[PDB]
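Residue numbers (the UniProt record's numbering), protein chains in the order written: chain A, 425 to 478, 503 to 528; chain B, 131 to 213, 239 to 350, 361 to 376; chain C, 1042 to 1265, 1291 to 1361; chain D, 834 to 971; chain E, 156 to 278; chain F, 8 to 86, 106 to 144, 147 to 185, 187 to 203; chain G, 1 to 84; chain H, 2 to 104; chain I, 56 to 134, 144 to 302; chain J, 34 to 47, 51 to 105, 149 to 253.
C-beta atoms are modelled at their ideal positions from N, C-alpha and C, and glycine is treated no differently.
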Amino acid sequence: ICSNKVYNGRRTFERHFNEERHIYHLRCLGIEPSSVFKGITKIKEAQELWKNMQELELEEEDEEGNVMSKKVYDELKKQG
Amino acid sequence: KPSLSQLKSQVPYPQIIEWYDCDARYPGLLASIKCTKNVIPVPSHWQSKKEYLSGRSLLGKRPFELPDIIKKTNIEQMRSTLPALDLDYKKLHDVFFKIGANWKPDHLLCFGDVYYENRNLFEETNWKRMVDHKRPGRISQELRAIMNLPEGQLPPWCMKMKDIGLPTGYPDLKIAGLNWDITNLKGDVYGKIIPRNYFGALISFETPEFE
Amino acid sequence: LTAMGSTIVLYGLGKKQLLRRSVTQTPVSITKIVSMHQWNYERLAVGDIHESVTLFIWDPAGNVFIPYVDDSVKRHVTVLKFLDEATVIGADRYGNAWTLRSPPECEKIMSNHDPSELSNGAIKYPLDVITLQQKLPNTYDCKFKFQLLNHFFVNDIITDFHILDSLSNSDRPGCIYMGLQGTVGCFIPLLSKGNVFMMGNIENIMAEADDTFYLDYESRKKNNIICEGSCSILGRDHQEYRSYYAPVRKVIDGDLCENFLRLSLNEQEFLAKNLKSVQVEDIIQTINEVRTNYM
Amino acid sequence: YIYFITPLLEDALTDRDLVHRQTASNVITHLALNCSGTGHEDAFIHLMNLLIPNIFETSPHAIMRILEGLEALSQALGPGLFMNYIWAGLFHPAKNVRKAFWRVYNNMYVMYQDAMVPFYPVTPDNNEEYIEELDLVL
Amino acid sequence: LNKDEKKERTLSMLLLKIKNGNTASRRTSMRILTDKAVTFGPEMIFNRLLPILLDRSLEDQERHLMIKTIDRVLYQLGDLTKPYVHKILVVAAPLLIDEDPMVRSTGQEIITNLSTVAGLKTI
Amino acid sequence: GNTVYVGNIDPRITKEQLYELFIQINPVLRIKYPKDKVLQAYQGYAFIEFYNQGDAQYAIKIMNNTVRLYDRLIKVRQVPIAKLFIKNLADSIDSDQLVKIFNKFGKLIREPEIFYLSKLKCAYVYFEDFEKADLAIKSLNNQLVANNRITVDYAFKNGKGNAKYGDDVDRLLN
Amino acid sequence: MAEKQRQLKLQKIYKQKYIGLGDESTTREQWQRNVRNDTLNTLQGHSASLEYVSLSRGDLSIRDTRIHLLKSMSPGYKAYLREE
Amino acid sequence: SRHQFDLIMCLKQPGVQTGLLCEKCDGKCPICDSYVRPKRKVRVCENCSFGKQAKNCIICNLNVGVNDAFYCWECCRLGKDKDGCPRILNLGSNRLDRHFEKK
Amino acid sequence: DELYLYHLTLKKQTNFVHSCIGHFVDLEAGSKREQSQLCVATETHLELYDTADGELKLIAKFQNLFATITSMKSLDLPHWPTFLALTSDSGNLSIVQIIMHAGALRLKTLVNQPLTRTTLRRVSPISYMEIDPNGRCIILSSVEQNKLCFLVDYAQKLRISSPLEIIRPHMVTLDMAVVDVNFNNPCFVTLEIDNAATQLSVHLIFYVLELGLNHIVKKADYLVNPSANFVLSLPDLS
Amino acid sequence: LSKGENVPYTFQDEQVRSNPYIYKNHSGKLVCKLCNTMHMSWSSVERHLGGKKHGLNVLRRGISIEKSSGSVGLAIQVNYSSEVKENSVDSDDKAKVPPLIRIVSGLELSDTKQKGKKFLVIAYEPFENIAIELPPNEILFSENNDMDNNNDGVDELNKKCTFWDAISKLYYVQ
């Protein structure tokens, strides 16, 4: 995900997960930062992971509005 | 060998799964157990060739301090360990039973807290002791000396609070000379926060008697 | 207040049908809600089939229940109540009967705030508690845990508890349960730290009696009630039985203490020698007191 | 006398040399069996939290004393509250972490066979068969 | 050869320390066998070890230190060929008639270990 | 966003004293007070983590340059693009002239970098867009400016402009 | 060495008595079965938990639930119901 | 035995007969080897009974037995009581090696 | 701050799962012996009723047991009251004689033999207990693994033989019912189903304790359709 | 074997030590606080202090410290032995090396009590070190005295303003 970058150590790459540039690639990519995604490197898989990341009844007066939504009945408040 | 991105999608808490969980013989199951309601992760000092306990923290560990209740019994003076007894039997029994009946160590530990190698409870215990005692609206003598802030004088951020407002996180803080009478600027205080039976209440408390 | 499998739904009445006045999705763990009970319209308590129990608060203006406390161990609830506003009594499919109290750290907080704050907004949580969330996202989700308060094992499956404020003008409020195989039993609180000790000491006397008899027989043969399980008639230790799934906590068994009434005088005066304290007649006084005065 | 000694066994199971971690765990075995069912039980979670990291320890005299402690703390806590520590690494990738947890699980399974049955971390999807009669409600 | 002629000494040194050696010596050279018994050729061990047990010189203290090495070696390797199973029984079996029960048992302890190692068909 | 930097701290100051001071200003979650563990010496600074950004910002505004501890005034403070290598430039080509030349093709995230290889005038030009960089390449590659033939390609990292590079640079634009 | 090889010996003796004791390399398939057979044993064994299951099923006689639980200990009882 | 690692227990289904302990091993639990607070008689299997063998201590199996052998309270709480025949079969490394050195 | 509770059982559990038929105590009659009298148990609880008045009377309710009674069967042995043999949780086979002592009936124990471990667990040999009709031997089983057979005798004191074991490793057992015999050699029959097999096959299997050599032999083994449910013994056919 | 020294306990809050690293933990064992090694006996320790690992960790700490810490001028005249004791050591072992001076910050001392000023330390192999306090922020700190000749010797300070009368054994510094 980072410029197809090279890392010479596993402790270091494990430190890449919390970094300025790494989070810039994520967040600017549309994949929000922090701890859920702190594993996988490839740009693709975290896109489906981020896709994985991201009704009431207000009773009108005719006794038929028991199917009617809250906001809908409020709209009929503005109409009434 | 399913990639962790594949493996983190199955799980209701994807932030537990780690690079190595992918390689388990049955990851699908491990990932589901590991994310089960109350299971606690394996202690983390595996993969460390250090042998769990190795020095760097352990060089500086303090020898031992007797609990305060016991220290009341005066033994610390009779037998000097660092670097005949005339003890009284009724006094000793009461310490464990009558007086120290309900005494429980200050912090202990909770359900999920394993002990990792570098952790030190002596800090953590003080930090609870600190938060309960320290407070907004009062400044200790020690800090006053350091600040050069005599008792009865408003602290130096007073002017800025008149300009910018009271603390964003203390809506009920009253400060003398701002939103509390200036006569409350007294001693070490300059401000103040100013906003059962549980079915089994025992209603009587009686310890086992020695005599 | 109706409980769908996962989720809670709050219905009012209307003409032509009844209608959903609120809904709350539950936290991830809960698959079913087997039973639930309230406290003076302020709080809920919600059982699960497999997971244990959870408490909620009714938040007006949010129009939702917001969970504040969960449990440590997996417990399959048949039924559940509130003895009190911070505590709960329950049962299991497996025979256990337990009482769960919510910790005081959570009681200060819930007392000193308005429920709307818990979901979002500022509740300032101690440093520790947060670190448990990050370190254990599955366990400490809520983020506090009941302390198990009592636990005891009665081999029935308890269907109902009935918390009574008093029994026949008795002072002690009891809670009388009733089981599937048919039973009625009761959990009476002991108010008096001293009185429990008298009962405690008596349960320990009768509990190993079959061991005591047997050691006296052995040592009286050595120098001068044959089977090891003589006084228990089968081998079982009490604590091991009454513990079973998990250890008993404060519940002192009064149905064991009541076998002491059934022994011969020789045996009563024999067991009672272990107490520096009062004589047989006073034991029997004590044991018999609970039926007379406490129910 | 517990509560007094939890801070004394605090220093011992934390200590660097391997013999203190052996003798304090040999106090826990005695202290757990016969104080079980009393209602301490928050001092035995403390005492547990300090032991489990010793599960990976080698030495023969050290490791059997630690297992005895973990077998005894099972009776202070109960198998459910105790098994929460042990399910996780019972599979695990590590063949070693795995090998050490299975000893503890085998000691538990012997003491508790029917007492574990409520507590297994098993759901309808997590295994093929499950048992459909555990989700029945009357 | 000159490299592997060194293992040829080491065992002969170890087998020396065990038989005749200080108590702190043989105790370290038993630890070395039980770990390293696998890497040394069971041919080399048994062919070197067994002939000692046939001399007329050895004392009872010295003999039971040799048999205790056969018992600890046989316990590990687990797959053993027939030529040595004949050799071992020549050494081990005459123990079963020996005067005192302590020797009688440690002879029996071998053959019940060998029986599982060498399997049913071979003996 | 929730953490502030605290500076000019006398090494005699304790964590407890920092806590007492800063809880006068807002609730504090944690204090990290770096210490040289070899000398057991504090280092003149700390990080104070508040529970939210508003509380941290308030603290900075109220406390920076406000209090002296051991007579020392405490400080409180808050705490990927296209690159084209171009070779054989004319000595008459100013960096501003480069700016004018490449503005028509694409917006520059930073200024060009003029350097000499071998005598050989070369420059790095930073574009905000891989596609605009493709424009400046397409039009300006092997072209004669100031009577000198210039070469326009991607700068080495081997060179920019890979398949992953278009993908991620597109996102960084987005 | 001498201790570690006792440990093996008791592992094989306990596993014979108490059936399911995993070792180290235990197939998920293998472990799951042992969790299934203890649940079936406990459900049938306690007379409470046999009622509770019988009534909930609506099985005609408590005894038939008890055999439903024991035949389930076999793997081919799923197939056997499906062929009815 | 708790401290002597080579010895192998029996672990068969206990019969009706009681194990015996010599004067030297008297008052010991056969599992944890503790001298305190006995609880239950031990019971050994048939094939540990029969002739001369039945009389010998169930720990050293050398000296002749006199008193009964009990399990300690703690080993009856854990359940190590009912594993099986708690009788040591081999004489072990320690006993032999003393024997030959002396002569 | 805690909550201390005290438990009572006001009315005892009334699902009676076990019964036995004999003459247990001689009561109110200097000399009378009649097989009409019955003892009934439920996990914890146990009770004694009488008959012969035409109508079932309660005689005694005994003390609180505190275990889980997993089987109960009268054993009547030749040359004497009858004393109900009772196996439970605790893995003890407990032969109890209900007896008259002080002024009221008590439940007195004679032999409790150890078997396995304490809990109700599949390997442990309880849950099926069937008794040789003459009183020569008790026989126990588990579900899965082992089945035991204890060989009863009476003398100046009741005496049990060391057990007789058979272990068939994968076989879960259902319905152990037992064959009468005229003193030949006690036999018993079971329906065992195999735990590890690809298909369900539940097969009926006869066992004969051979008194002469003193071990349990498996005589006949017949595979019957999977539907098999229960076994019962037909006396003689003569 | 200890040569009578009191090797202090690890918790005792520091009598200059013969070395300074060795201690005793809360238990009785001896430990190197650099190397984090545990030792059974004084004999073992003397093996370690004479070892190659305890050598390295001193160098590492050596580096780790060496990376962090018309007017009026001063003149010092340091005199040395008059062929009194230097008659037993003449094996060209740095004998040709003249005394050396360095400016040290008092931020680091064996006692670490007070500090805040510099010292003009002067050192010679056999003799003991010597220091001179310099309250004035800057004195005689000249500007290109000579014409930039590059024999660094030790540093600009030493070549710039020191003289070593080796024939008479007089070290002048200004």
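Short Cβ contact (8 Å threshold) for residue i with residue j
| i | j | result |
| --- | --- | --- |
| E27/F | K289/B | yes |
| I349/B | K317/B | no |
| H73/I | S152/I | no |
| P1214/C | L1205/C | yes |
| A2/G | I1198/C | no |
| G1088/C | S1076/C | yes |
| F1187/C | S1143/C | yes |
| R1328/C | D1319/C | no |
Cutoff 7 Å; reference residue i; Cβ partners in own chain excluding five residues on either side
| i | result |
| --- | --- |
| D226/E | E264, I265, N268 |
| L1189/C | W1139, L1141, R1315 |
| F195/E | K162, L166 |
| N230/J | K238 |
For residue i: DSSP bridge partner residues
| i | result |
| --- | --- |
| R37/F | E56/F |
| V183/J | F198/J |
| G1301/C | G1301/C is not bridged to any residue. |
| residue 186/F | One cannot assign coordinates to residue 186/F, given that chain F in this structure leaps from 185 to 187. |
| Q92/I | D105/I |
| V1110/C | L1096/C |
| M1077/C | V1087/C |
| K66/I | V1225/C |
| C75/I | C94/I |
Same chain only: Cβ atoms within 6 Å of residue i, ignoring 5 sequence neighbours per side
| i | result |
| --- | --- |
| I425/A | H449, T465, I467 |
| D217/I | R223 |
| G14/F | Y52, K82 |
Residue i Cβ short of 7 Å to the ligand MG heavy atom set
| i | result |
| --- | --- |
| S54/J | Within the structure as shown, the ligand MG is missing, as the structure has no ligands at all. |
Any chance you could list the alpha helix (DSSP H) runs of at least 4 consecutive residues sitting entirely within the stretch 1223 to 1263 of chain C, in chain order?
1234 to 1248, 1250 to 1263
Listed from N- to C-terminal order along the chain, which residues in the stretch 869 to 892 of chain D have their beta-carbon within a distance smaller than 9 Å of any beta-carbon of chain C?
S869, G870, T871, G872, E874, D875
Taking beta-carbon pairs under 7 Å, can you tell me which members of the stretch 28 to 59 of chain G lie near chain C?
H46, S47, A48, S49, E51, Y52
Taking only beta carbons into account, state which residues of the stretch 154 to 184 of chain I come closer than 8 Å to chain D, listed in chain order.
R181, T183, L184
Contiguous beta strand (DSSP E) assignments of at least 3 residues, all confined to the stretch 232 to 269 of chain I
235 to 238, 251 to 258
Within 7 Å of chain I by C-beta, residues of the stretch 1328 to 1346 of chain C in sequence order:
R1328, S1330
Selection of the stretch 848 to 868 of chain D by Cβ proximity to chain H, strictly under 9 Å
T862, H863, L866, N867
Pull out every residue of the stretch 937 to 963 of chain D whose Cβ sits closer than 7 Å to any Cβ of chain C, in chain order.
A948, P951, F952
At which residue ranges does the stretch 58 to 86 of chain H contain complete beta strand (DSSP E) runs of 3 or more residues, listed in the order of the chain?
71 to 73
At a Cβ cut of 7 Å, what residues of the stretch 1212 to 1241 of chain C count as close to chain B, listed as they run along the chain?
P1214, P1230, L1232, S1233, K1234, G1235, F1238
May I ask you to list, following chain order, the residues of the stretch 1137 to 1156 of chain C that have a beta carbon less than 7 Å from some beta carbon of chain I?
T1140
Chain-ordered residues of the stretch 54 to 65 of chain F with a beta carbon less than 7 Å from chain B
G61, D62, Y65
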